[PDB]
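Single-structure report; data block below.
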Amino acid sequence: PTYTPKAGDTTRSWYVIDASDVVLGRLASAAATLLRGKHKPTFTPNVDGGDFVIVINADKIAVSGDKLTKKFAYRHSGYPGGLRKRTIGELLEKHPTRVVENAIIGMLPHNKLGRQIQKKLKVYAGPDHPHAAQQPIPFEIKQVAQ
Amino acid sequence: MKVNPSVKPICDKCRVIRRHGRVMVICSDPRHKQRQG
Amino acid sequence: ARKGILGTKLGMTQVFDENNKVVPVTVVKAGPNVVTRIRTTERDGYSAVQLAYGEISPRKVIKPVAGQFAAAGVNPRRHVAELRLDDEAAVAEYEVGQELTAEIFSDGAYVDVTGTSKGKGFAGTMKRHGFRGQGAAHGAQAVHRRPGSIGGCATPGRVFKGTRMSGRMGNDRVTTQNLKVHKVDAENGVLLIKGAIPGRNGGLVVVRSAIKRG
Amino acid sequence: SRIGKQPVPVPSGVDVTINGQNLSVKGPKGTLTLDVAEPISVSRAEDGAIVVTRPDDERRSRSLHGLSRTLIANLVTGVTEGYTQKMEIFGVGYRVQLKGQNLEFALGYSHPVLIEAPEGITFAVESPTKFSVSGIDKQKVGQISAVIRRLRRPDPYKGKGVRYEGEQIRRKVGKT
Amino acid sequence: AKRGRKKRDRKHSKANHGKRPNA
Amino acid sequence: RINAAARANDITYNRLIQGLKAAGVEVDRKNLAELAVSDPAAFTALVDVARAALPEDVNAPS
RNA sequence: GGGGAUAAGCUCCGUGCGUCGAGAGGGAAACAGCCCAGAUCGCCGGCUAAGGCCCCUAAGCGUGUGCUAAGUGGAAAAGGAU
RNA sequence: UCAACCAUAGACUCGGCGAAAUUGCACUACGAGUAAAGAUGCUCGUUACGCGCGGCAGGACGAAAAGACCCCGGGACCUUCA
RNA sequence: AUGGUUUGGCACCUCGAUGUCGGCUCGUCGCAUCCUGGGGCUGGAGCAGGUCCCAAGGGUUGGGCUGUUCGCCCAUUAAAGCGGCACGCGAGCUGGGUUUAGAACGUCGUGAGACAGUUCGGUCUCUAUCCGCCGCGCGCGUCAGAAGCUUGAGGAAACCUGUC
RNA sequence: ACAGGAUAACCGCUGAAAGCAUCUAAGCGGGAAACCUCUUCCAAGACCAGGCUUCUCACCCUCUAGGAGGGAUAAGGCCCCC
């Protein structure tokens, strides 16, 4: 029958993506792919068999057009008139990692397994990360050809 | 300034331009100033 | 700078100024406070000074607290509290073991007093939110103090969060701003502060320099 | 395009320097800098000049070509000759004086208007009703001179306000 | 009005082929 | 799973299926996935087979 | 085609026109009447339709030539518009 | 205006006895939508640790009463140059 | 052309019940801004305006008449905004009106009786299960157990204005 | 509140495309009770569940000693008590 992982088959690898001059959605799609495990042949949609994904230089993410000023990240407090919006530039200068996070989190499944997958995502605005002990492999975002 | 969808010249000095995504009309005579809106 | 101090509220009284105008003051036992820890950005991520106030027996102290006060290098106190500052240049003035008194302030200074409001218990919307009640006559069946409506109808279909309802009032941190100290009294170790102060008598307060008016 | 084709003649007292699109000029009046738009070719000619061209004919390149040429022209003529704007004042009581390097106007307000001189700019007062701004950047010069021009609301009924040297303001009449 | 407009313009989709129930 | 293993062998699922159908490999996707999990070398061999059987310009009408 | 304001998710007719009704399944975000297709049961086999192939989401961040700068796409008129 | 305070009976707490209407279910969120055109239950998202206590009454088109208004059908009683 | 607040058209949910006007209380939202704020043009001298644009942060009175909404009026005001939310809100209140049964006037009707005609009078039920909301606890967790002091992501509140 | 930042309408500077002109297409500025900061308050159930410190930082038993289970404790806390 068709393969299912059993309790020790989920191997974790650490990848690291330099988000310098990389397109936001491009990076986020790639990272969600790795975090979910679509790049793996052991992929089982009921399993977080994905890989850890570090993102560095999140502040240097590339955003096309006027999205830096006319795309808003909205948020609601639950209270009336509690809609607070903040552009992507405002968000980049305040909380740089939040744009990359939000992008990936939206590209991920909105479920309990998605929540479990978020934990493998580490995002850092500089070029440096503390997860060097884990020996992360650099991951260039390629495009398979045809 | 006049703000109307139909902005057009009023005299020979009124020049038409596209400024910041808006069709403006400029002139020495500031009465003839117009903007699309 | 924003120099400050912890103290105890003792009660209100009167004084008279040079113009023979009356000043309702509150007497704050701005007492011997002792510095017990310096908060820094290289250690704690923010600049602040930890003060301690209130005599206490060394047996009523929880032993962790005893160890904290010891490693600081002072004897224990009852209440401990931090004063946030703006920069390392502002925190560089406070040394551990340093003693703060009312004399850090001066007559005519404007202060902000942080205290803990008196408890009004489970309060109705009238006492708590200034709701007009309803009529005491003209037919009112048992709504003389009731809030009345609570939301819209089906279109909302819910009660909005943050609606003003009955519940516990008081025991909340209250900062009263821009109170002019009428007088310092270092002999007694108190401040005569023009006007109301939050909390009961014997309540702890924090008299800080006014963040608006110097 | 038609502006960008003619290069800029460099006088003697000039020291041009390039690392690619970037540009740094020096002259008697001071020094100046400019990072040229990428699609605009820049070269230092043999004939003591700075040639600037465009590879493509797209409207963006056609615009940036002429603009960059004008920018280098203003740059060199500012760092060699300087850029001046003479202003003058009209109306009774409407005056200016020099409080060091800053200026102080009286313009019928209840208070004096203190214009702080920014970096690179130097003011001067030929008279309480006639003054001037000088510098090396035409942009900053026009900027501060316009900040000065807009200090008072336009007064087309009696002309009370700041003007440029040869400015022909509009006017009206209030009869009643 | 907006609701009817949106519901009608939904029919201008590659799947619906310019027709929908109640248009 | 096939797409994953294929893109690990530097080929897309679609061109893999195309090449297998051109090579006359009637293997079903179940067994291809099982190979991808259990015999990646055999999967690579089939990928090579499919890449051979593909044309030289896949975006040409032929 | 009538009535209606050549409005109504309106009404009344016609149509070896359809579907729902009495019709599951796939697509249309969800969505009786639209598109595909008419479910005898089973299969951890394959090809397809409509529709789709960056991630959610299976399949293409497909190839080539151009266009678009408005996030147009991802609502709209007379009319305005180097 | 403009409401404040006091007591008492309840409400609250403890002990004891111990109902009720109601009830298709249930580990019963919010927004914008969609839908028998006003959604806890569908879609896309957002938010939300689990369980209680006191309270408020916006919704559950809440409970109650097979709408009395309207219409249809049938009665009853009343009137009269039926 | 917008909008969908008016009168309407349709009659699609609801007639084995979706309680109605107005007010009271509580609000919340939009901006098509009444004031405050910023500005362009003016047949804008100045005071004061007119018109248009931006702006919804806050504020936007009390009374006489009327059931009234609306409106008129009185005094004020910086201003006395327009609208939505089941013409917001009756398991929150009233019940003056409409809209039962009584009675009367006028009119109609032979009559019984009728009148978007008037008039006087005339039961407003419910111990809150769920969501929601206001507050308060219990449990567990935050990779030992505890304690003190804290950061502040993220939310809430506040944001008015005149006279001299 | 002051103050700052970024902005709306708007005022502009330098400037082409388009030998001029043009607030703009590259660039640079100014600019409102709106926005973000600032003020007050809640807040690490902020599941990235944080940080700075301090205290205890130690015993037995049973299963066959695998992973646990039970007990007694410390720091400390709770209950009773005022």
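Both backbone and side-chain heavy atoms feed into the values below; hydrogens, waters and symmetry mates do not. In what follows, chains are A, B, ... by sequence order, proteins preceding strands, each numbered from 1.
Judged by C1'-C2'-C3'-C4', the furanose ring of I:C87 adopts a north pucker. For G:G16, the ring torsion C1'-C2'-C3'-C4' comes out negative, which puts the sugar in the south group. A positive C1'-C2'-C3'-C4' angle places the sugar of G:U6 in the north (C3'-endo) family.
With distances taken from any side-chain atom of C:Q68 to the nucleotides I:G88, J:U53, I:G135, the minimum falls on J:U53. In this structure, of J:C41, G:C61, I:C93, it is J:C41 that holds the atom nearest to the side chain of C:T114. Distances from the side chain of C:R128 to the nucleotides I:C134, I:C53, J:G12 place I:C134 closest. Among the nucleotides H:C5, H:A35, J:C36, the one closest to any side-chain atom of E:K7 is H:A35. The side chain of A:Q146 lies closest to G:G62, out of G:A28, H:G58, G:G62. Checking I:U28, H:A37, H:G59 against the side-chain heavy atoms of E:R3 singles out H:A37 as nearest. Nearest nucleotide to the B:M1 side chain, out of I:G40, I:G92, J:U39: I:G40. The side chain of E:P21 lies closest to G:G33 when the candidates are G:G33, G:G52, J:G12. Among the nucleotides G:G71, H:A48, G:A81, the one closest to any side-chain atom of A:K70 is G:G71. Comparing I:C52, J:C36, H:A48 by their closest approach to the side chain of A:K94 singles out J:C36.
Atom P of nucleotide G:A59 and atom CD of F:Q18 are separated by 16 Å, given to the nearest angstrom. For the pair C:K127 NZ and H:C2 P, the computed distance is 15 Å after rounding to whole Å.
Remark: F:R29 is in phosphate contact with G:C47, judged by side-chain N or O atoms under 4.0 Å from OP1 or OP2. Look at D:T70 and you'll find a side-chain N or O under 4.0 angstrom from OP1 or OP2 of J:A16. An OP1 or OP2 oxygen of J:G19 is reached within less than 4.0 angstrom by no side-chain nitrogen or oxygen of D:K5. B:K2 has no side-chain polar atom (N or O) that falls below the 4.0 Å cut-off from OP1 or OP2 of I:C52. Checking the phosphate oxygens (OP1, OP2) of G:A59, a side-chain nitrogen or oxygen of F:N3 falls inside 4.0 Å. At the phosphate of G:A59, neither OP1 nor OP2 sits under 4.0 Å from any side-chain N or O atom of F:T12. Within the 4.0 Å cut-off from OP1 or OP2 of J:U53, at least one side-chain nitrogen or oxygen of C:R37 is found.
Residue contacts shown for A:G89 are absent, as no nucleic acid heavy atom lies under 4.0 Å away. Residue contacts shown for C:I211 are limited to sugar-phosphate atoms, with no base heavy atom under 4.0 Å away. D:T176 comes within 4.0 angstrom of a base, heavy atoms only.
Taking CG of D:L67 as the reference point, atom OG of D:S1 lies at 12.0 Å (rounded to 0.5 Å).
Here the two rings, on A:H131 and A:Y124, have centers that are under 6.0 Å apart.
For G:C55, its base never sits under 3.5 Å from the side chain of A:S29 at any donor and acceptor pair.
Taking ring-centre separation below 5.5 Å and interplanar angle below 30 degrees as the test, the adjacent bases G:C53 and G:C54 do not pass. For the consecutive nucleotides G:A32 and G:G33, the six-membered rings of the bases sit within the stacking limits of 5.5 Å between centres and 30° between planes.
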Which is it for C:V96 and C:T36 under the side chain to side chain contact (heavy atoms under 4.5 Å, CB included) test, yes or no, and what are the steps along the way? CA-CA 5 Å; C:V96 164; C:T36 49; 5.9 Å; no
